[PDB]
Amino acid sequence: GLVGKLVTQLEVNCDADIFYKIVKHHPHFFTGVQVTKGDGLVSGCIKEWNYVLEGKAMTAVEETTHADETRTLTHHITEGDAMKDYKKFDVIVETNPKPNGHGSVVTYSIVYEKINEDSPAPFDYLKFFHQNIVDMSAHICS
């Protein structure tokens, strides 16, 4: 099966709307541009990343869009090392209140389509994104 999705979901002790605003505004570096929607206000960005994953230097080009009303960030990868393995690679970050009312659930989903049946599934990316949100979440408190 070539099409799949990997998910990591974590509970965080933080209001969903604030946490989303934190995530939205944030060896590696990027160059790139911001994207606007017509009113001159930034609606997203396009970045070329240089990063190291499990010791190997890689590049990617990522177009990011946000949806404030659903607290969703979407990172659409168009180019780079990952596209040697995947025809499609998108990363969707959602933040929602726990039905308990107070804290939040953060979901990172990697939606992918492999080039062929010999391509890996992106467990190395899932672990990276997971640890990154754990790390960010451990620099926040009430």
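In case it trips you up, residue 1 is the first one in the sequence shown, and so on.
Asker: Can you check if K37 is missing its coordinates in at least one third of the other PDB entries compared, counting only those that model the residues either side of it?
Answerer: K37: unmodelled in at least a third of the other compared entries.
Asker: Please report whether at least a third of the other compared entries leave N100 without coordinates.
Answerer: In at least a third of the comparable entries (those modelling both sides of it), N100 has no coordinates.
Asker: Could you bin the unmodelled part of the deposited chain lying between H26 and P27 as none, 1 to 3, 4 to 9, or 10 or more?
Answerer: In the record, 4 to 9 residues between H26 and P27 lack coordinates.
Asker: Out of 97 to 105 and 62 to 70, which one has CA B-factors that are higher on average in the deposited record?
Answerer: Result: 97 to 105.
Asker: So which stretch wins on mean C-alpha B-factor, 40 to 48 or 80 to 88?
Answerer: It is 40 to 48.
Asker: Ordered by C-alpha B-factor within the chain, which third holds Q9? Give me lowest, middle or highest, please.
Answerer: According to the entry, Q9 has a C-alpha B-factor in the chain's lowest third.
Asker: Going by the entry, which third of its chain does the Cα temperature factor of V111 land in?
Answerer: CA B-factor rank for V111: lowest third.
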